[PDB]
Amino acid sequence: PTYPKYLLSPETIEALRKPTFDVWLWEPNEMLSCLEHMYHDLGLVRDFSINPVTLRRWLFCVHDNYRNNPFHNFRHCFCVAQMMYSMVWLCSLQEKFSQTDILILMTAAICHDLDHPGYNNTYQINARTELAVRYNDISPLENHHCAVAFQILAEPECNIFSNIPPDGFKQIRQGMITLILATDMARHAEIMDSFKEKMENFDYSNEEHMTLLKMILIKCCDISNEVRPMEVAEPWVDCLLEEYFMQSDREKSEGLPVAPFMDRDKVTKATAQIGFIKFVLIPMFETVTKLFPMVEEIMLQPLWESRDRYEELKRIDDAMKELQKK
């Protein structure tokens, strides 16, 4: 017969390995089954004796702890994990990384924006929120995401690590913390600089080199929307701006500072994306390409096309503005 949606077809299973996967086609249950499959498919269930039922419960609790923000929601979580999954296959990461490292990457990706409130660190700090006070202005959101991740994993019915020895858990915990804290965009230039420094002579034996690579990998997946095919990427920009404009409106309403790049009166879809693609995305992916040359064709290529497309869209926008004042 026709099988229910939460039973994934073999065509989906195949497409899921690839950064072209249409993240918009699927509802929560289907995405949850996708994530479940990734853990089996990567041999993490096997190698860490993950109780398959616990794995399902864990993913449900994770889902429940993402909020319905326009951008930072469960689907974003899914995108980031699915891109990590894609990159494992694209870059043959199982040749370079231990199974513990693959587990860290994947689990960090799923958990990295848990309970995001839809207002970024600058709002937290300037508004002196409970979170900013709790974390002393030090990456309040990312600290909170990581805290919630391990609150969940401490509930015995969600503890996918229950059959891992304590030493393994400590290693996994520390790695996940490093990775989730690395997603604070305030630290972007710092982290890129450290990574570029190691790239002068990269060493897969060197644990510090590998820690930085993993930080770069999760950072890549986190902001990877523009790597996806245009029709998959475009809607995310509207989601982003909806969330960002919600924050700038609120900051105006409360007399707090407003960042120009988030201002509803100054931002267009094109200006939101151009500099971000050219100066954040492209250079980051360029450095990764040096270790994984296959990344150029699969991920740099769509970024170049998206850059050109948004640059053209800005010319059109500018000409249209000029026309109504000439």
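From 1 onward, residues are counted along the sequence shown.
- Annotation for 101-109 versus 189-197: the higher mean temperature factor (C-alpha) is found in 189-197.
- Looking at 199-207 and 217-225 together, the entry lists the larger mean B-factor for 199-207, computed on C-alpha atoms.
- Looking only at 118, 175, 166, 140, the residue with the top Cα B factor in the deposited structure is 166.
- Ranked within its chain, residue 146 lands in the lowest third, by CA B factor from the PDB record.
- In this PDB entry, residue 162 carries a Cα temperature factor that places it within the middle third of its chain's modelled residues.
- Placement of the Cα temperature factor of residue 59 within the chain: middle third of the modelled residues, per the deposited record.
- In the PDB entry, residue 261 places in the highest third of its chain by CA B-factor.
- Among the modelled residues of its chain, residue 242 has a C-alpha B-factor that falls in the middle third, as given in the PDB entry.
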